[PDB]
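In the text below, chain A, chain B and the rest are named by the order of the sequence lines, each starting its count at 1. Whatever order the structure lists ligands and atoms in, that order sets their numbers, starting from 1. Heavy-atom basis, side chains included; hydrogens, waters and symmetry copies ignored.
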Amino acid sequence: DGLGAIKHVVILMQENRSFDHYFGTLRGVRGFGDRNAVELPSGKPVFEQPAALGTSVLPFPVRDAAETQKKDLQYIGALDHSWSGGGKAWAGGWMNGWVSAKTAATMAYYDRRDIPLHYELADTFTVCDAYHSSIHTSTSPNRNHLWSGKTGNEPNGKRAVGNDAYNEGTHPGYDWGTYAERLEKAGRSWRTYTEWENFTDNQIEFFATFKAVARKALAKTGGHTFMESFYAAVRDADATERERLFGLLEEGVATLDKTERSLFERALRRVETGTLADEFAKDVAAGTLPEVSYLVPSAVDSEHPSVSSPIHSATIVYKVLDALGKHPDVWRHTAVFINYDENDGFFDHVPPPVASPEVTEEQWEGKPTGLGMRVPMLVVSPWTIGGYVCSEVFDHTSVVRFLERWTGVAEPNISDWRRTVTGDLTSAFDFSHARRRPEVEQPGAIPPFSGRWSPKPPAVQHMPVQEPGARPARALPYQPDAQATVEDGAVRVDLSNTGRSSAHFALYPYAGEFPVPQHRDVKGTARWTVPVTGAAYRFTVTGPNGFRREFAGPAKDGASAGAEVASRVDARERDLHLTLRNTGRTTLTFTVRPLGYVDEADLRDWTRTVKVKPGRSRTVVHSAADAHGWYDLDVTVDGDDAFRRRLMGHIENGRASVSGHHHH
Amino acid sequence: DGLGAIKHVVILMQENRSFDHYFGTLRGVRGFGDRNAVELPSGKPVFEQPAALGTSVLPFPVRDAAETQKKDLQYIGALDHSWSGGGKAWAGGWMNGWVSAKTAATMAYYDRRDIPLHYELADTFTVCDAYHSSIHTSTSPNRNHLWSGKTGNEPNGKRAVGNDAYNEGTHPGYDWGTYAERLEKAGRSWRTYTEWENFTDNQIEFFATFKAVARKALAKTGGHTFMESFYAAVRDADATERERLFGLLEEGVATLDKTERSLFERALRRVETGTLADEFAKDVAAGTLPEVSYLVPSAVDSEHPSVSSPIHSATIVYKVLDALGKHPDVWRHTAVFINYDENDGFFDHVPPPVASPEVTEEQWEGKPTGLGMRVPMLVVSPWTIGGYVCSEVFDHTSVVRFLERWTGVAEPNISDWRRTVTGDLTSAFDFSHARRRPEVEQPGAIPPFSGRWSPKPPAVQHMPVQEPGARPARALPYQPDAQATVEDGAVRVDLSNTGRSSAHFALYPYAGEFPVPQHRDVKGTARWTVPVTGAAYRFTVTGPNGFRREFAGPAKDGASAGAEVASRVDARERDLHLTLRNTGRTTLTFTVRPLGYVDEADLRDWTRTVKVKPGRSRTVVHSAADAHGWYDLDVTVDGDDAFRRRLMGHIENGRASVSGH
Ligand SMILES: [Ca+2]
Ligand SMILES: [Ca+2]
């Protein structure tokens with residue numbers, strides 16, 4: 001598994017940016033050109049968000065709005081990022097409440113001219129475009145997953161879905177335990193790198209073991225009971241009062257027992273402001289970088305839109321990666337994960353994989369606590385060079401799962417559902433070939449601050465154009481399929497997935513089959529019974545990595561109900577075997593037409609018309625090998641516009657491939 | 001001119017090794033024993049590189065570090081090789097930021113016990129010890145120079161001093177010409193020999209013309225737009241997938257017109273992994289070797305320290321030269337240039353000739369873009385046999401200039417400064433006397449890979465010893481001299497060079513005269529004005545091939561104010577005429593003492609003590625003819641501790657000579 005090449009993992013979680021907000025226009029990721037986008041109940045594509053008075057907001061660039069409103073694109077402000085606001089944007093799974101819940105600024109986005117370091121990093125290393133924040137809400141519950149594998153309950157017994165822990169004087173801290181405490185018990189080295197100001201982002205500080213450590217360490221300081229209280233005083237003190245404060249701290253630190261002292265040194269001692277990267281660089285140069293490093297930048301360095309900016313973040317990212325590259329022998333054995341805690345209130349078009357209501361562990365007030373919106377995740381390391389995309393579903397607990405595989409130290413906090421639906425991040429890596437280490441360009445000057453502002457859409461709206469082209473793609477642990485069978489009052493949808501990992505299916509009803517979209521996780525086989533209440537059915541099933549099955553047609557013994565399409569994927573050949581069946585009394589004529597991945601001067605050789613008589617079946621084999629596994633097929637019956645079957649997907653063979661963007 | 005005997009030029013450029021890193025111990029080249037080594041501001045020699053807090057790091061052998069750290073000497077890793085890291089190491093021209101910029105591993109070197117084939121080729125053919133990489137940075141800007149004569153600008157208008165072009169799915173490619181496109185239009189034949197994996201070293205692929213041909217030829221491959229994208233899928237594919245992939249490729253290749261098709265075949269079609277020398281040998285055997293061959297090995301064969309090794313490189317170099325030797329008809333009309341793209345971050349002690357700030361075409365962000373660190377260059381041919389050293393200043397564009405002089409196809413991309421300061425590599429050859437193909441030892445077995453590692457300097461440091469002896473040396477197109485006259489508040493330095501090529505002079509200040517070293521290119525005469533603000537001055541001027549002039553003395557009113565030295569070189573006698581004059585009011589006794597090139601038993605007969613009364617002058621004639629034109633003289637005045645004039649160099653006479661050891 002080649003994980004023995006890793007000696008250091010460095011985790012750098014920035015704040016409050018959604019995937020499309022930054023990378024919707026990036027070549028070769030699931031972005032503004034996504035051909036697996038879901039259609040809203042209004043029939044419009046998810047990108048066309050309902051606004052007030054029957055209007056719509058499309059994604060629009062921050063740069064133009066900044067010019068229009070005469071403001072700086074670096075300093076847009078924050079939007080609602082609350083548990084309730086998220087449920088409103090999410091709208092029961094229909095993903096059409098974004099403008100109402102978040103304002104129209106939710107659709108604003110940056111592109112490569114705006115954030116060139118961000119784009120160059122994705123082009124050089126590996127970017128994850130199915131990486132979700134852990135829960136659709138604010139910072140603290142998301143950071144809980146990264147540090148401990150879950151967000152549990154508040155002391156009042158309610159689910160921890162807000163920032164209540166930030167009242168550090170009155171909150172007693174969370175009691176379900178952190179991963180770093182297990183690393184400590186197992187003898188593995190770790191350290192938090194964090195400055196005097198750290199924007200309540202060092203989540204370990206809110207856990208009960210560490211509150212007890214801080215209180216004892218601070219006992220002599222005149223009343224401070226948690227570190228942020230003490231460091232607020234340090235930040236405001238003159239030189240003389242700082243020396244006094246730090247001398248009183250060190251007297252308290254000397255009273256800690258061996259375990260408390262170690263936890264204090266690794267989680268709670270902050271470095272002077274401005275020196276996070278220099279402190280990290282010093283450990284790199286000394287050969288003392290630990291096995292696991294948490295980098296927790298200050299507010300202004302955090303990328304959070306209320307206190308920071310993209311260029312502030314790019315600046316600290318550069319200094320961290322530069323500090324690493326200054327010592328090649330540490331660089332050759334270090335993986336760096338760069339992600340975001342949540343999406344703020346910024347729109348993203350991918351409906352997240354959610355826990356269905358039967359998964360009570362991951363429901364709160366009738367809403368899923370499981371996988372929020374996509375955020376950018378970049379994996380920077382000697383083993384991820386190449387500009388690859390990795391489309392395996394991950395969340396913040398996937399970082400903990402990486403550490404489980406690497407160190408052997410388990411995190412029992414991760415829920416069974418979450419562990420089933422997310423991966424362990426090992427698929428982003430390729431341990432087999434060395435390359436030269438890329439040089440990363442240093443960011444430009446930080447513009448002078450000229451106030452926060454909120455972008456408003458242009459008067460003339462335009463769909464953004466994603467940078468054209470495909471991207472090399474990592475192999476995925478999925479092999480999904482779905483077939484329909486119309487059966488007396490309902491359609492029986494047979495879901496299958498022969499991959500080594502469970503795959504998430506979502507069903508979107510467009511003929512009143514259900515009131516909201518249905519979600520299911522499948523390893524092996526599973527069955528949806530979709531009740532057809534009228535004369536027709538029309539719904540769409542999505543899955544990972546562009547997988548799509550569309551279903552339309554007539555109901556009981558009513559019209560052309562004889563038509564049956566079955567399918568089987570063959571991984572070794574990357575062939576789709578379509579069994580076309582006639583369950584009726586008339587001699588149907590099927591047509592199979594490519595909708596994509598076939599050069600237009602060529603479709604007729606790949607379009608197939610086949611005649612099937614009553615009680616019989618013909619098999620047509622579609623080869624996707626020329627398209628490296630990608631297929632997009634339309635199956636219809638002549639003289640009938642009710643019946644349709646669309647089949648889109650990528651057949652996996654265990655080897656790297658390309659993304660789906662060479663559709664046209 | 002003898003260039004008529006050449007029918008084939010073969011260019012094999014390996015990766016990321018500095019000259020001293022490989023040949024600092026080689027007999028008879030400018031290496032670790034270099035008597036013209038520059039002194040650092042600390043007063044230490046350049047080999048003693050400052051580390052932390054008044055400590056330093058001498059060159060140290062990889063082989064010993066490998067015993068200490070229990071690693072394999074073949075598999076040391078790469079160091080920093082960026083434009084800004086190079087600037088820090090070069091340190092404005094003072095050459096004392098190496099350890100800070102690159103880590104102490106920058107001083108690690110190999111010798112004959114470790115890399116015997118490299119040394120044997122130097123002993124057998126011709127080695128160039130003033131061959132520099134074109135620019136002090138990474139691979140791509142240097143390979144730009146070999147393939148195109150320059151590194152121009154990125155699309156954003158910044159100077160292309162980095163590897164931006166390797167982001168091939170986004171970067172649009174470079175817009176100035178390649179030299180190969182000029183050979184093409186001129187009807188000359190050329191071919192690049194490269195495998196499915198070529199480590200982003202086939203520089204022609206990053207020029208817009210070839211990005212366009214690649215995109216067109218890949219149009220039916222289902223998503224690929226640059227060749228490396230397609231071949232990555234080929235390398236991962238089984239035999240059945242491979243046949244489909246090559247079928248998809250050939251469908252697009254069939255759509256190329258006559259000219260695009262020739263470009264594709266000559267620059268873009270890669271051969272199977274492991275068969276580079278085989279496909280080269282096939283062309284040699286069939287009589288179809290082109291006029292110009294670019295050999296671009298795979299990553300594992302490139303010698304690059306992050307993917308390869310010296311023995312991996314020695315293995316492929318030997319196979320290439322063996323293919324040529326197997327066909328004497330082809331060998332006898334073939335010149336092979338073996339060089340390196342850059343020095344990685346490995347130390348080399350020779351400060352490069354750099355463009356001065358006046359030469360704004362070779363400046364970017366206040367740093368010179370012009371001549372990086374020395375790298376090994378070996379010239380293997382019927383006309384370079386005999387173990388010669390050539391010390392004429394060259395860079396990667398000097399290979400292009402050789403092609404100019406041979407094909408008549410000019411490369412206008414080469415800047416005027418580069419044409420002035422570097423030669424055309426004909427000086428490395430002796431076309432009058434072809435000699436028989438010598439045999440060279442085949443490299444041994446490649447050790448199993450045991451991991452990259454970083455050599456650390458030993459606890460007890462030792463300056464390395466260069467192999468003893470001198471080598472035959474090519475005649476050089478320089479004849480430099482420099483002399484000084486003390487004036488009120490300044491020392492005036494008259495530079496001269498009577499050779500047919502411009503000679504590069506550098507001035508190193510050790511008394512505050514300037515904040516950094518100064519650099520001048522001189523054909524004819526030129527003059528420096530060295531400000532003297534204090535009681536004394538001390539500075540050194542270097543020039544090509546061991547040329548040195550040290551000047552030190554009091555500013556005014558000391559025991560030697562009127563001490564003045566002039567010099568005149570005569571090439572026909574290889575004589576140095578020293579004129580010693582007294583422009584003061586006290587009588588002076590000069591001593592002229594050889595510091596080298598005189599038999600220790602004979603030192604006294606060649607030491608001159610001469611009295612020079614005020615307002616008069618006397619002439620000493622130093623005969624360098626028995627030292628093959630080499631001289632190293634110390635001129636002092638009895639009773640003055642400050643005053644010194646050192647004169648060292650080699651008098652050229654148009655004939656092959658010997659090196660300075
Ligand atoms: Ca946040
Ligand atoms: Ca290189």
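Distance check for B:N142 against the Ca ion (ligand 2): none of its N/O/S atoms falls below 3.0 Å. Within the 3.0 Å limit, B:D344 places no N, O or S atom next to the Ca ion (ligand 2). Between the Ca ion (ligand 2) and B:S138 there is no N/O/S contact shorter than 3.0 Å. Look at B:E15 and the Ca ion (ligand 2): an N/O/S atom of the residue is under 3.0 Å from the metal.
The line from CG of A:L378 to CD1 of A:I338 is 5.5 Å long, rounded to the nearest 0.5 Å.
Of the options A:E195, A:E228, A:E197, a salt bridge (charged side-chain N to carboxylate O under 4.0 Å, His left out) to A:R270 is made by A:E228 and by none of the others. Checking each of A:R374, A:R17, A:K102 against A:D348 for a salt bridge (charged side-chain N to carboxylate O under 4.0 Å, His left out) leaves exactly one that passes, namely A:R374.
B:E342 has its closest N, O or S atom to the Ca ion (ligand 2) at the position named OE2. When the N, O or S atoms of B:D341 are ranked by distance to the Ca ion (ligand 2), OD2 comes first.
A distance of 6.0 Å or more separates the ring centres of B:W147 and B:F207. Here the two rings, on B:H21 and B:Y110, have centers that are under 6.0 Å apart.
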